[PDB]
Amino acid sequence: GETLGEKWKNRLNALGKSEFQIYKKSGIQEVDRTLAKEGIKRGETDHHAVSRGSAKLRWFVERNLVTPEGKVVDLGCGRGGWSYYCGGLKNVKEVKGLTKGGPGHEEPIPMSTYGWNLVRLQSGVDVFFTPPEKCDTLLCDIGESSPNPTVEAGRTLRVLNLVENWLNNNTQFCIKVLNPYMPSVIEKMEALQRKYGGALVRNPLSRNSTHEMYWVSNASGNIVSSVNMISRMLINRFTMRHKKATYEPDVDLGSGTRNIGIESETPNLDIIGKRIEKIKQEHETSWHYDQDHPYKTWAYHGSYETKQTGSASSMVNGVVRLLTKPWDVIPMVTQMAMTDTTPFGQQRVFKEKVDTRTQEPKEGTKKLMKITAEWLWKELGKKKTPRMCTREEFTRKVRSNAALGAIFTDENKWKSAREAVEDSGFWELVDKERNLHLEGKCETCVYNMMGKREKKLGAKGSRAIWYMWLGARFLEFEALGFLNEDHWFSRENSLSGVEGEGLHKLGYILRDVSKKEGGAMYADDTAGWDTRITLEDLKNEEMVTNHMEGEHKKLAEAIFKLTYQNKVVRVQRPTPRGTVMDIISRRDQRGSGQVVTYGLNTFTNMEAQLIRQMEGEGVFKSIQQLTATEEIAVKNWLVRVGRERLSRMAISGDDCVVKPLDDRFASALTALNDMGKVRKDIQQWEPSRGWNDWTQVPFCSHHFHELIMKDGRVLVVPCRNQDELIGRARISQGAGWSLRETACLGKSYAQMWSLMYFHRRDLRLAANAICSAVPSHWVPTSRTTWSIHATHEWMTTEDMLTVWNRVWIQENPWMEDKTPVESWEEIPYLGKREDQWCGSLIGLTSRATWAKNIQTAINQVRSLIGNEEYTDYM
């Protein structure tokens, strides 16, 4: 107890629980955190500080003791109070916050306070093991208190030695010095101040229970004198009549994005100009240029007022939760949330995934891609001829409620596509655009980005669905509809394709691929495929026009050149004035209708995988340039083995399965990375990991087992981890729903489980329990899956054993013996250990109790729905 600070510490440790709680607040400045805490709990992301820290930092910033500017690095950001505060500061350009996550430590909170798009917070970082990087401002609020000041000195010195590695001559800084009164800390502080300047300043918002002082860059003052003055002040507050803490107002951190000047995109305004001006004239009443727009790699054209769309909410399907009670304690089931489709939820995803640039492929890569696409269009075009689809074909499609992409119908003029298509006024609008397309002009073909409502383990932000105007969708169908209409990507035509295949018969295809001689089976996922589509890809896909003539070639060239290679997009954004619709543009990336996307993603993925196959086989040595001899080699390889190399793949969209000639493919990565098709959750140059068991190969969110029947017949069945299936079934799409609509949704899940996951003990039990607890005549409602391969044969009131027989026996091409199954008892399960491996609770007492007492839970749901006609399926 030699220093004044140590004398304070002894006195502080001698206090009792109540005297300490009283002393802690005596005469200090305090922010009333109640409105922010409440607002944040309601899900409010604007205005509120995530902690007391924003006010603490503001106290220093307002006095010019620290001037945050340029790149700000915040060490131990916690919830992000200092980071979010800095985000709204004029001279700040970028905020990087690093914090240790996990138990006992605060996790970063997502906020939409002013300049949030310039702030990136990172959890799971021990800053003591982080490589220092360039910054203009270094903030640090690390220092855990302890009754032992020697322990505190050690902790403080560890922080001081850390901050030193991140400091240079021009660095602005605000560093917490937890224990500034210990002699070892004074000594290190003196050394640090001699080199970097600054001084130790006490914040009046600090509690008396701490002697923390901050090392701020713009202050001046003697360390010993400053520290002893705070010890004296802190010792005096012991015996001073409890003065209440002076209440300060909490900080208003505003709202909205910020523009820092990065604009990396040159639009072709001769191509996109008419489209922008039409939007601009239609919204003249609210049109403005927002100088704080967040777009970096997308050209910004202006904004207009719009009414907010999408939801952040998520409801539990009670019918399913009541009938799957052992899963209430499994986090991988319960932490399943719905995606945030609101303008903030969307903007967060845009920032992270969509506002990115893909590097231009090298000269050899470009040659490889052009040669392969030329060859591949000629292959697909052998037994098929490109044609124009018709208005009557399109009309038939909308009438029959068939598969069209995401479409907008002009809510004023027409409420539905059916209402529109049946009106001659709609086709007059189509003709005006058609005639403009015939003269290389585009005026209406603009995409409406809307958040995709998905179930994920979050809550996570939303992916974008690119809606087209029904007229823009017709012009696309007329020109490129033949790819889907005539099945160019069917397995018979494209040998890699799986177009028109139900999700249940995809395992039979993976089995036929495994029958080939070769290496392991590779199933690498691309990190955001649609954003990784270059202008090279778009120009190589356009080459299908070389197989077209006259009016059809001019119309398809308009879709490619004007609408795909020069996209105009409308996206929502939250602002201090309310929600706005932004007009933005991008030349590269995938932006087409959902159906044409599928085909062009299959084509380009078929082409990228053949190139990855040529690389592994050494058909070309370098991507920098392709020699005249390597061109002849690539063309001969394609002409000689191209078709059998296509037969080694199952290519859905961006989703692929490849059984190469050998495992040289695992490390054949230079062309893949250069094409921009970078693999997900793996270091760029780390070799791929394949599978030596086809039943373990992931494809279209499933793996597939071989299932031996009682009669010896073999089924190949779709399977997934059981928690993904239950977790998804237990979440209802949206908010505000009647029990009728919920029970019909759970019934769609139950019947999906009966047709596809019958081999899963817990799922066949839970599915029969839902169908018993839901009135038998009730029609199943809403989508169970987004899957383009989902057949939805479970969306019926027809006997599920009759449907099972039709799918698995009658219509199954890999089922030679057409003998129907007389009962569900005849249908098998996976082996008990196979089932347990894929997430089954079979063999647990809790699951046994659940199964034994399932009639109690069936009756509980029956009571909540009310006495109706029920059939027992148990």
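Residue numbers here begin at 1 and follow the sequence given.
> Can you count, per the entry, how many deposited residues between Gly458 and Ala459 come without coordinates? Answer none, 1 to 3, 4 to 9, or 10 or more.
Missing in between: 4 to 9 residues.
> Quick check: 411 to 419 versus 279 to 287, which has the larger average CA B-factor in the record?
Comparing 279 to 287 with 411 to 419, the higher mean C-alpha B-factor belongs to 411 to 419.
> Taking the mean of the C-alpha B-factors per stretch from the entry, tell me the winner out of 259 to 267 and 715 to 723.
Higher mean C-alpha B-factor in the PDB entry: 259 to 267.
> At the C-alpha atoms, which of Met795, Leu669, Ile611, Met111 reaches the highest B-factor in this entry?
Max CA B-factor in the entry, restricted to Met795, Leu669, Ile611, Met111: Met795.
> Could you check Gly143, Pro343, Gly642, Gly405 and tell me which one carries the biggest Cα B-factor in the deposited entry?
Answer for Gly143, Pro343, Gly642, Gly405: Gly405, with the highest C-alpha B-factor.
> Using only modelled residues of the chain, where does the Cα B factor of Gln624 rank: lowest third, middle third or highest third?
Ranked within chain, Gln624 CA B lands in the highest tercile.
> Can you tell me which third, lowest, middle or highest, the CA B-factor of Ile28 falls into for its chain?
Within its chain, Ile28 is a middle-third residue by C-alpha B-factor, going by the deposited values.
> Which third of the chain does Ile40 land in by C-alpha B-factor: lowest, middle or highest?
Ranked within chain, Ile40 CA B lands in the middle tercile.
> Relative to the other modelled residues of the same chain, rank the CA B-factor of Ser840 and answer lowest, middle or highest third.
Answer is middle: the recorded C-alpha B-factor places it there.
> How does the C-alpha B factor of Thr67 compare with the rest of the chain: lowest, middle or highest third?
For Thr67, the deposited C-alpha B-factor lands in the middle third.
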